[PDB]
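In order, the protein sequence lines correspond to chains B and L. 1 is the number of the first residue of the first sequence in my numbering; add one for each residue after it. 101 is the number of the first residue of the second sequence in my numbering; add one for each residue after it. A virtual CB, placed ideally from N, CA and C, is assigned to each residue, including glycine.
Protein chains: 2
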Amino acid sequence: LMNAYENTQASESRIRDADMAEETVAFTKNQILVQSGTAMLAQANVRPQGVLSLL
Amino acid sequence: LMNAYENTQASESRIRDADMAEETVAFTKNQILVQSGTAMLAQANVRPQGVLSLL
């Protein structure tokens with residue numbers, strides 16, 4: 001029973017439990033993309049005033 | 101209770117809380133349109149001055 005319990009616990013942890021490294025790398029990549037996207041949205045926000053010189 | 105509270109708070113924020121990025125673009129476009137309208141109104145105000153040369 002003890003042997004089967006440890007084997008079953010390992011099998012269950014193989015599914016539900018997350019891998020911390022493979023999650024942290026994705027989290028860092030996503031946050032880098034978020035800051036790049038918000039900077040570029042800010043850049044896009046200051047595009048349309050180019051035509052104000054024509055007024 | 102705490103799970104339900106966090107879910108309900110998320111649902112409430114999905115409705116009443118505003119999106120800052122989605123709204124700042126509209127704000128900047130609006131003020132650009134205001135500047136263009138002010139410029140055009142100023143230009144149209146001096147429009148009838150051309151008739152003075154006929155008097």
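Contact under 8 Å by Cβ, residue i with residue j
i         : j         : result
L/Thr-124 : B/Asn-45  : yes
B/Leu-55  : L/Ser-136 : yes
Span separating the alpha-carbon of residue i from that of residue j
i         : j         : result
L/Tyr-105 : L/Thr-128 : 36 Å
L/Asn-107 : L/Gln-143 : 55 Å
B/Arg-47  : L/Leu-141 : 23 Å
B/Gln-31  : L/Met-120 : 18 Å
B/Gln-9   : L/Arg-116 : 44 Å
L/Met-102 : B/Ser-11  : 30 Å
L/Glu-122 : B/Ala-18  : 33 Å
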